[PDB]
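Working notes for the structure below.
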2 protein chains.
Amino acid sequence: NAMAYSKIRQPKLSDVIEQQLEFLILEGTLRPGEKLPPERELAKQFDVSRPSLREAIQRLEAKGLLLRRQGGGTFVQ
Amino acid sequence: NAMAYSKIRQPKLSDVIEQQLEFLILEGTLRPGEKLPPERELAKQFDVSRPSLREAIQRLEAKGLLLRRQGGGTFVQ
């Protein structure tokens with residue numbers, strides 16, 4: 001009967017951020033040992049919400065591409 | 001000096017909606033004369049915010065793919 005419109009496919013912003021950061025790391029634009037800017041500053045540069053960036057960083061940590069130090073700072077591995 | 005992170009490229013949701021609706025129309029999935037659901041219902045089916053859908057529809061009107069009647073309803077052209 002009626003057209004059943006399907007959900008618009010828009011990737012989740014955290015996934016978009018994750019994929020861009022991963023590409024920068026894998027391609028070597030970000031070097032091993034490089035320290036990311038703190039969340040507020042990096043989110044400003046990326047022009048994205050802080051929670052979405054925060055989630056992306058968590059996923060990259062889980063992959064082993066980033067590592068957060070409890071003292072402070074997240075670093076490219 | 002410091003890496004200058006560039007803005008994350010995420011297409012604007014209204015552009016994503018516009019392109020999907022345009023594809024449905026051009027491919028013939030939505031037929032000429034078909035009436036779209038009202039904004040609230042279509043946004044629910046698309047799972048998108050109402051303002052983003054509203055903007056997409058305005059852009060498709062401007063292209064001549066949709067036409068809104070003052071009495072009510074937006075129709076595929």
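All heavy atoms count here, side chains included; hydrogens, waters and symmetry mates do not. Every chain is numbered from 1 and lettered A, B, ... according to where its sequence line falls, protein lines coming before strand lines.
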So how far is it from [X] [atom1] to [Y] [atom2], rounded to the nearest 0.5 Å?
X        : Y        : atom1 : atom2 : value
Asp47(B) : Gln10(A) : CG    : CD    : 11.5 Å
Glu34(A) : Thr74(A) : CD    : OG1   : 12.5 Å
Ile8(B)  : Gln19(A) : CD1   : CD    : 10.0 Å

Please tell me if the side chains of [X] and [Y] come closer than 4.5 Å, counting only heavy atoms from C-beta onward.
X        : Y        : answer
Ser52(B) : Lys12(B) : no
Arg59(A) : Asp15(A) : no
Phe46(A) : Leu21(A) : yes
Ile57(B) : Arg68(B) : yes

Identify each donor-acceptor pair in which a side-chain atom of residues 35-44 of chain A lies under 3.5 Å from a protein atom, sequence neighbours left out, and give them as a table.
residue	atom	partner	partner atom	Å
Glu39(A)	OE1	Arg50(A)	NE	2.9
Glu39(A)	OE1	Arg50(A)	NH2	3.2
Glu39(A)	OE1	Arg54(A)	NH2	2.9
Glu39(A)	OE2	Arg54(A)	NE	2.8

Worksheet item: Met3(B) and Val76(A): same hydrophobic cluster, using ILVMFWY side-chain contacts below 4.5 Å?
Response: yes

For [X] and [Y], which heavy atoms make the closest approach, and how far apart are they?
X        : Y        : answer
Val16(A) : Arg9(B)  : CG1-O, 3.7 Å
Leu13(B) : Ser49(B) : CD2-N, 4.5 Å
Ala56(A) : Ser14(A) : CB-O, 3.4 Å

Practice prompt. Inspect the contact between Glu18(B) and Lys63(B) and indicate whether a charged nitrogen and a carboxylate oxygen are less than 4.0 angstrom apart.
Written response: yes

Worksheet item: When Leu30(B) is tested against each of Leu24(B), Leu65(B), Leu66(B) for side chain to side chain contact (heavy atoms under 4.5 Å, CB included), which residue passes?
Response: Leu24(B)

Item to complete: May I ask you to check if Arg69(A) and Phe75(A) form a cation-pi contact, with NZ or CZ under 6.0 angstrom from the six-membered ring centre and within 45° of the axis?
Response: yes

